[PDB]
Amino acid sequence: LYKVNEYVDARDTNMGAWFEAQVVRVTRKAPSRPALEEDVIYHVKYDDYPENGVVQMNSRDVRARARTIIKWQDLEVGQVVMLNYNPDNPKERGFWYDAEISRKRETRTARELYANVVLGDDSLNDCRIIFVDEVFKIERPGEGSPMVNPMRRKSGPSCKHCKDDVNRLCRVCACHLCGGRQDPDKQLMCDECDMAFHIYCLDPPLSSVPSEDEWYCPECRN
Amino acid sequence: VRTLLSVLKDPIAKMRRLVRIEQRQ
Ligand SMILES: [Zn+2]
Ligand SMILES: [Zn+2]
Ligand SMILES: [Zn+2]
Ligand SMILES: [Zn+2]
C-alpha cells in the first residue's frame, strides 16, 4: 500500500481527471463481504488545490505519481496512457486524463496523435491530442519505487503572471487591490469582470460577505 | 454571492475564469 507523505495522483470522479496529490493518512476499514480484502481509504491533500483540503479517497482513485514519459516514437496504438487534454478548448492545454491511443500519424507539417479519452461519464473517442511529448506511462500497482523528487506536470489552469506561486502577490489571480491570497472566503468575485476583492480592501470595507444575488466591483458601477 | 474560494475549488471554473480575465478586451 502507498505510504504516508507519498506523492501520488488522485482522480476527480466528477471529471475523470488526475491530480498531483500527497498522502496525509491511511485508514484501513474492514470488509463488508466475505473473502473481500480490507478497504484502504487514503486521506490526501492536493499539491495545487489545498483549498479543497484533505479529502477521503478510495484506493481505485489513487495511484503512484506519474514519473515516466513515453517518447513519440515509442507510442503504439492500443496503449493506455495518461496525457493532457482540454474538453473546453482542444487546441489549448487542459487537464490530465487516461486515454487509449487510437491513431498515430506523422505528416509533413506536424506529428498527430489521437486517443480515446476517459472523462467523468465515459470515453471521448479519437480526440486530437496536441501535447504529444508529454505522454505518461501509468504506474502499475506492484512495480515501481516510492516517490518520497516530485515529478510535477504543467497543468491547464495556471496564471501567466504569478505562475500560481503562493509566495507572490498577484492582482490577477487574487485580490485585485492588495494582491493577497489570504481569507479567500472573504473575497468577493465581480460578476462582470471576474476580479476578486477582499471585503476589507474595499473602500468602504464590509464586515462579512453580502447575501445578494449579483455583485459588481466599483469599476463595473457598484 | 460568488467567492474566490468557490472558484478555486472548481478546477474547470478556475480555468474558465483565467481565460475570461486574460481575453476580455
Ligand atoms: Zn496571478
Ligand atoms: Zn486585498
Ligand atoms: Zn468588475
Ligand atoms: Zn495578463
# chains A, B, ... in the order shown; residues from 1 in each chain; ligands from 1

call {"tool": "residues_near_ligand", "arguments": {"ligand": "ligand 1", "cutoff": "9 Å", "atoms": "only C-alpha atoms and all ligand atoms", "output": "list in words"}}
result
residues 158, 159, 160, 161, 162, 163, 164, 165, 168, 169, 170, 171, 172, 173, 174 and 179 of chain A

call {"tool": "residues_near_ligand", "arguments": {"ligand": "ligand 2", "cutoff": "8 Å", "atoms": "only C-alpha atoms and all ligand atoms", "output": "ChimeraX atom specification"}}
result
/A:174-181,187,197-202

call {"tool": "interface_residues", "arguments": {"of": "chain B", "to": "chain A", "cutoff": "8 Å", "atoms": "only C-alpha atoms", "output": "PyMOL selection string"}}
result
chain B and resi 1-6+8-9+11+14-15+17-18+20-21

call {"tool": "write_last_selection", "arguments": {"atoms": "N, CA, C and O atoms", "output": "short mmCIF file (atom, residue, chain, number, x, y, z; two decimals), in the first residue's frame"}}
result
data_model
loop_
_atom_site.label_atom_id
_atom_site.label_comp_id
_atom_site.auth_asym_id
_atom_site.auth_seq_id
_atom_site.Cartn_x
_atom_site.Cartn_y
_atom_site.Cartn_z
N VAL B 1 -23.17 35.51 -2.40
CA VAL B 1 -22.58 35.90 -3.72
C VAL B 1 -21.25 35.18 -3.90
O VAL B 1 -20.62 34.79 -2.92
N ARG B 2 -20.84 35.01 -5.16
CA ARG B 2 -19.72 34.15 -5.52
C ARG B 2 -18.42 34.64 -4.88
O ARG B 2 -18.21 35.84 -4.72
N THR B 3 -17.58 33.68 -4.47
CA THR B 3 -16.33 33.95 -3.79
C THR B 3 -15.21 33.27 -4.58
O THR B 3 -15.47 32.40 -5.41
N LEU B 4 -13.97 33.69 -4.29
CA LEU B 4 -12.79 33.14 -4.93
C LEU B 4 -12.59 31.69 -4.50
O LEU B 4 -12.16 30.85 -5.29
N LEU B 5 -12.92 31.40 -3.24
CA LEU B 5 -12.77 30.06 -2.68
C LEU B 5 -13.60 29.06 -3.47
O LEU B 5 -13.14 27.97 -3.76
N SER B 6 -14.84 29.45 -3.80
CA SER B 6 -15.75 28.59 -4.53
C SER B 6 -15.22 28.29 -5.94
O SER B 6 -15.44 27.21 -6.47
N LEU B 8 -11.76 28.47 -6.73
CA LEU B 8 -10.50 27.75 -6.59
C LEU B 8 -10.75 26.26 -6.37
O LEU B 8 -9.88 25.44 -6.68
N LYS B 9 -11.92 25.92 -5.82
CA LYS B 9 -12.34 24.53 -5.65
C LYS B 9 -12.64 23.89 -7.01
O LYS B 9 -12.17 22.79 -7.28
N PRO B 11 -12.02 23.16 -10.57
CA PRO B 11 -10.85 23.30 -11.45
C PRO B 11 -11.21 23.85 -12.83
O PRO B 11 -10.44 24.60 -13.42
N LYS B 14 -12.18 27.58 -12.34
CA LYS B 14 -10.89 28.23 -12.13
C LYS B 14 -10.26 28.56 -13.48
O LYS B 14 -9.88 29.71 -13.72
N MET B 15 -10.15 27.56 -14.36
CA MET B 15 -9.54 27.73 -15.66
C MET B 15 -10.35 28.71 -16.51
O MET B 15 -9.78 29.58 -17.17
N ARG B 17 -12.29 31.08 -15.61
CA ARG B 17 -12.10 32.44 -15.12
C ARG B 17 -10.90 33.08 -15.82
O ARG B 17 -11.02 34.14 -16.44
N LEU B 18 -9.74 32.41 -15.71
CA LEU B 18 -8.48 32.92 -16.21
C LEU B 18 -8.63 33.42 -17.64
O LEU B 18 -8.17 34.51 -17.97
N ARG B 20 -11.46 34.26 -19.21
CA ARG B 20 -12.35 35.41 -19.23
C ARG B 20 -11.54 36.65 -18.87
O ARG B 20 -11.75 37.72 -19.45
N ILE B 21 -10.63 36.50 -17.90
CA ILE B 21 -9.80 37.60 -17.44
C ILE B 21 -8.84 38.02 -18.55
O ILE B 21 -8.79 39.20 -18.89
#

call {"tool": "residues_around", "arguments": {"residues": "residue 91 (chain A)", "least_positions_apart": "6", "cutoff": "10 Å", "atoms": "only C-alpha atoms", "output": "list in words"}}
result
residues 85, 128, 129, 130 and 131 of chain A

call {"tool": "write_last_selection", "arguments": {"atoms": "N, CA and C atoms", "output": "short mmCIF file (atom, residue, chain, number, x, y, z; two decimals), in the first residue's frame"}}
result
data_model
loop_
_atom_site.label_atom_id
_atom_site.label_comp_id
_atom_site.auth_asym_id
_atom_site.auth_seq_id
_atom_site.Cartn_x
_atom_site.Cartn_y
_atom_site.Cartn_z
N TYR A 85 -5.35 17.01 -21.97
CA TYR A 85 -6.39 17.37 -22.92
C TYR A 85 -7.30 18.41 -22.28
N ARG A 128 -8.11 14.63 -30.74
CA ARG A 128 -6.86 15.16 -31.26
C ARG A 128 -5.97 15.63 -30.12
N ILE A 129 -4.96 14.83 -29.77
CA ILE A 129 -4.05 15.14 -28.67
C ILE A 129 -2.86 15.93 -29.20
N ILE A 130 -2.52 17.01 -28.49
CA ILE A 130 -1.62 18.02 -29.02
C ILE A 130 -0.31 18.05 -28.23
N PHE A 131 -0.36 17.69 -26.95
CA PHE A 131 0.84 17.59 -26.12
C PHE A 131 1.39 16.18 -26.27
#

call {"tool": "select_by_dssp", "arguments": {"residues": "chain A", "states": "strand (DSSP E)", "output": "ChimeraX atom specification"}}
result
/A:7-11,18-29,39-46,54-58,62-64,69-70,80-85,95-106,111-117,127-129,135-136,187-189,196-198

call {"tool": "write_last_selection", "arguments": {"atoms": "C-alpha atoms", "output": "CSV table (one decimal), in the first residue's frame"}}
result
chain,number,residue,atom,x,y,z
A,7,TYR,CA,3.4,11.8,-3.7
A,8,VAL,CA,0.6,10.3,-5.8
A,9,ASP,CA,-2.1,11.0,-8.3
A,10,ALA,CA,-5.8,11.4,-7.3
A,11,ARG,CA,-8.7,11.0,-9.7
A,18,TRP,CA,-6.0,13.0,-12.4
A,19,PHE,CA,-4.3,15.4,-10.0
A,20,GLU,CA,-1.0,15.6,-8.2
A,21,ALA,CA,-1.6,14.8,-4.5
A,22,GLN,CA,0.1,13.8,-1.3
A,23,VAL,CA,-1.0,11.2,1.2
A,24,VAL,CA,-1.8,12.6,4.7
A,25,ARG,CA,-3.3,9.5,6.4
A,26,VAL,CA,-4.2,5.9,5.6
A,27,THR,CA,-7.4,4.4,7.2
A,28,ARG,CA,-7.9,0.6,6.9
A,29,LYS,CA,-11.6,-0.2,7.1
A,39,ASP,CA,-10.8,-1.3,2.2
A,40,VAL,CA,-7.9,1.1,2.2
A,41,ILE,CA,-9.1,4.8,2.4
A,42,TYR,CA,-6.5,7.4,1.6
A,43,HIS,CA,-6.7,10.9,3.1
A,44,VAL,CA,-5.0,13.2,0.6
A,45,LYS,CA,-4.0,16.8,0.1
A,46,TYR,CA,-3.7,18.3,-3.4
A,54,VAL,CA,-7.7,16.8,2.9
A,55,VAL,CA,-10.1,14.5,1.0
A,56,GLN,CA,-11.0,10.9,1.6
A,57,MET,CA,-10.3,8.8,-1.5
A,58,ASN,CA,-10.8,5.1,-2.4
A,62,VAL,CA,-5.2,6.8,-6.2
A,63,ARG,CA,-2.1,5.6,-7.9
A,64,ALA,CA,1.7,6.3,-7.6
A,69,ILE,CA,7.3,9.8,-20.2
A,70,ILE,CA,6.9,7.6,-23.3
A,80,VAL,CA,-3.5,3.1,-22.3
A,81,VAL,CA,-1.6,6.2,-21.1
A,82,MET,CA,-2.1,9.5,-19.2
A,83,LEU,CA,-2.0,12.6,-21.3
A,84,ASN,CA,-3.1,16.2,-21.3
A,85,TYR,CA,-6.4,17.4,-22.9
A,95,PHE,CA,-6.1,18.5,-17.5
A,96,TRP,CA,-4.5,15.1,-17.2
A,97,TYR,CA,-6.6,12.2,-18.5
A,98,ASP,CA,-6.3,8.4,-19.0
A,99,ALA,CA,-6.7,7.6,-22.7
A,100,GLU,CA,-6.3,4.7,-25.1
A,101,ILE,CA,-4.2,5.6,-28.2
A,102,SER,CA,-6.3,5.1,-31.3
A,103,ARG,CA,-4.4,6.8,-34.2
A,104,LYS,CA,-0.8,7.8,-34.7
A,105,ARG,CA,0.4,9.7,-37.8
A,106,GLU,CA,3.3,11.9,-39.0
A,111,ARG,CA,3.0,14.9,-35.8
A,112,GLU,CA,-0.6,13.9,-34.9
A,113,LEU,CA,-1.8,11.8,-32.0
A,114,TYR,CA,-5.4,10.6,-31.4
A,115,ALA,CA,-6.7,8.8,-28.3
A,116,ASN,CA,-10.0,7.8,-26.6
A,117,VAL,CA,-10.0,10.0,-23.5
A,127,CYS,CA,-9.6,13.1,-29.7
A,128,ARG,CA,-6.9,15.2,-31.3
A,129,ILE,CA,-4.0,15.1,-28.7
A,135,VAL,CA,2.6,11.2,-22.6
A,136,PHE,CA,3.0,9.4,-19.2
A,187,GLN,CA,-13.0,37.8,-1.3
A,188,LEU,CA,-16.0,38.8,-3.5
A,189,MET,CA,-16.0,37.9,-7.1
A,196,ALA,CA,-11.5,39.2,-6.7
A,197,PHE,CA,-11.8,41.7,-3.8
A,198,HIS,CA,-11.2,41.3,-0.1

call {"tool": "select_by_dssp", "arguments": {"residues": "chain B", "states": "alpha helix (DSSP H)", "output": "number ranges by chain"}}
result
B: 4-9, 11-22

call {"tool": "atom_distance", "arguments": {"atom1": "CA of residue 139 (chain A)", "atom2": "CA of residue 75 (chain A)"}}
result
15.9 Å

call {"tool": "decode", "arguments": {"residues": "chain B", "atoms": "N, CA, C and O atoms", "output": "mmCIF file, in the first residue's frame"}}
result
data_model
loop_
_atom_site.group_PDB
_atom_site.id
_atom_site.type_symbol
_atom_site.label_atom_id
_atom_site.label_comp_id
_atom_site.auth_asym_id
_atom_site.auth_seq_id
_atom_site.Cartn_x
_atom_site.Cartn_y
_atom_site.Cartn_z
ATOM 1 N N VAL B 1 -23.174 35.510 -2.402
ATOM 2 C CA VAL B 1 -22.583 35.902 -3.719
ATOM 3 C C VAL B 1 -21.252 35.176 -3.900
ATOM 4 O O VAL B 1 -20.616 34.793 -2.920
ATOM 5 N N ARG B 2 -20.838 35.005 -5.162
ATOM 6 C CA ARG B 2 -19.717 34.150 -5.521
ATOM 7 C C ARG B 2 -18.422 34.640 -4.876
ATOM 8 O O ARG B 2 -18.207 35.839 -4.719
ATOM 9 N N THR B 3 -17.584 33.677 -4.471
ATOM 10 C CA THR B 3 -16.329 33.945 -3.789
ATOM 11 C C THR B 3 -15.210 33.272 -4.576
ATOM 12 O O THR B 3 -15.465 32.401 -5.410
ATOM 13 N N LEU B 4 -13.969 33.691 -4.295
ATOM 14 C CA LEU B 4 -12.786 33.138 -4.933
ATOM 15 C C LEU B 4 -12.594 31.685 -4.502
ATOM 16 O O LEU B 4 -12.163 30.849 -5.294
ATOM 17 N N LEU B 5 -12.917 31.397 -3.238
ATOM 18 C CA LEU B 5 -12.765 30.064 -2.679
ATOM 19 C C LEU B 5 -13.605 29.064 -3.468
ATOM 20 O O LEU B 5 -13.138 27.966 -3.759
ATOM 21 N N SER B 6 -14.840 29.451 -3.804
ATOM 22 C CA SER B 6 -15.754 28.586 -4.534
ATOM 23 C C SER B 6 -15.218 28.293 -5.936
ATOM 24 O O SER B 6 -15.443 27.207 -6.471
ATOM 25 N N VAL B 7 -14.506 29.268 -6.514
ATOM 26 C CA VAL B 7 -13.860 29.111 -7.808
ATOM 27 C C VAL B 7 -12.665 28.169 -7.673
ATOM 28 O O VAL B 7 -12.567 27.185 -8.405
ATOM 29 N N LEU B 8 -11.762 28.473 -6.727
ATOM 30 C CA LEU B 8 -10.503 27.750 -6.594
ATOM 31 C C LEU B 8 -10.746 26.256 -6.374
ATOM 32 O O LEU B 8 -9.876 25.441 -6.684
ATOM 33 N N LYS B 9 -11.917 25.917 -5.817
ATOM 34 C CA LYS B 9 -12.337 24.533 -5.654
ATOM 35 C C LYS B 9 -12.641 23.890 -7.010
ATOM 36 O O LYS B 9 -12.172 22.788 -7.280
ATOM 37 N N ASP B 10 -13.425 24.575 -7.856
ATOM 38 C CA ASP B 10 -13.858 24.022 -9.131
ATOM 39 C C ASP B 10 -12.769 24.226 -10.185
ATOM 40 O O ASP B 10 -12.622 25.332 -10.718
ATOM 41 N N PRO B 11 -12.021 23.160 -10.575
ATOM 42 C CA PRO B 11 -10.852 23.299 -11.451
ATOM 43 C C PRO B 11 -11.207 23.847 -12.831
ATOM 44 O O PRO B 11 -10.439 24.600 -13.423
ATOM 45 N N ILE B 12 -12.379 23.444 -13.330
ATOM 46 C CA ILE B 12 -12.920 23.968 -14.573
ATOM 47 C C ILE B 12 -13.131 25.472 -14.412
ATOM 48 O O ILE B 12 -12.516 26.262 -15.119
ATOM 49 N N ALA B 13 -14.002 25.857 -13.474
ATOM 50 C CA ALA B 13 -14.381 27.249 -13.284
ATOM 51 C C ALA B 13 -13.134 28.109 -13.111
ATOM 52 O O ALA B 13 -13.045 29.206 -13.669
ATOM 53 N N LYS B 14 -12.177 27.579 -12.336
ATOM 54 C CA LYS B 14 -10.889 28.225 -12.134
ATOM 55 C C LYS B 14 -10.258 28.562 -13.483
ATOM 56 O O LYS B 14 -9.883 29.707 -13.722
ATOM 57 N N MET B 15 -10.153 27.557 -14.358
ATOM 58 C CA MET B 15 -9.540 27.732 -15.664
ATOM 59 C C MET B 15 -10.347 28.714 -16.510
ATOM 60 O O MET B 15 -9.780 29.579 -17.167
ATOM 61 N N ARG B 16 -11.673 28.553 -16.491
ATOM 62 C CA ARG B 16 -12.585 29.353 -17.295
ATOM 63 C C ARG B 16 -12.494 30.826 -16.904
ATOM 64 O O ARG B 16 -12.624 31.707 -17.752
ATOM 65 N N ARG B 17 -12.289 31.084 -15.608
ATOM 66 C CA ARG B 17 -12.096 32.440 -15.120
ATOM 67 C C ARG B 17 -10.898 33.081 -15.818
ATOM 68 O O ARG B 17 -11.022 34.137 -16.443
ATOM 69 N N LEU B 18 -9.744 32.409 -15.710
ATOM 70 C CA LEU B 18 -8.478 32.921 -16.207
ATOM 71 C C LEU B 18 -8.632 33.420 -17.638
ATOM 72 O O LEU B 18 -8.172 34.509 -17.967
ATOM 73 N N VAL B 19 -9.291 32.619 -18.478
ATOM 74 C CA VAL B 19 -9.485 32.975 -19.873
ATOM 75 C C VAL B 19 -10.352 34.229 -19.961
ATOM 76 O O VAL B 19 -10.008 35.157 -20.694
ATOM 77 N N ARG B 20 -11.462 34.260 -19.207
ATOM 78 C CA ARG B 20 -12.348 35.411 -19.228
ATOM 79 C C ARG B 20 -11.545 36.654 -18.868
ATOM 80 O O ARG B 20 -11.750 37.715 -19.450
ATOM 81 N N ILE B 21 -10.632 36.497 -17.904
ATOM 82 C CA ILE B 21 -9.800 37.597 -17.443
ATOM 83 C C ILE B 21 -8.837 38.024 -18.547
ATOM 84 O O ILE B 21 -8.794 39.205 -18.885
ATOM 85 N N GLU B 22 -8.072 37.071 -19.094
ATOM 86 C CA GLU B 22 -6.962 37.406 -19.973
ATOM 87 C C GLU B 22 -7.461 37.846 -21.351
ATOM 88 O O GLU B 22 -6.970 38.843 -21.874
ATOM 89 N N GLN B 23 -8.431 37.118 -21.922
ATOM 90 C CA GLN B 23 -9.051 37.516 -23.176
ATOM 91 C C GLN B 23 -10.376 38.206 -22.870
ATOM 92 O O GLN B 23 -11.421 37.558 -22.861
ATOM 93 N N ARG B 24 -10.323 39.520 -22.619
ATOM 94 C CA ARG B 24 -11.512 40.279 -22.266
ATOM 95 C C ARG B 24 -11.758 41.371 -23.307
ATOM 96 O O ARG B 24 -12.787 41.374 -23.983
ATOM 97 N N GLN B 25 -10.798 42.294 -23.433
ATOM 98 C CA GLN B 25 -10.911 43.399 -24.373
ATOM 99 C C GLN B 25 -10.597 42.888 -25.791
ATOM 100 O O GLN B 25 -11.568 42.672 -26.547
#
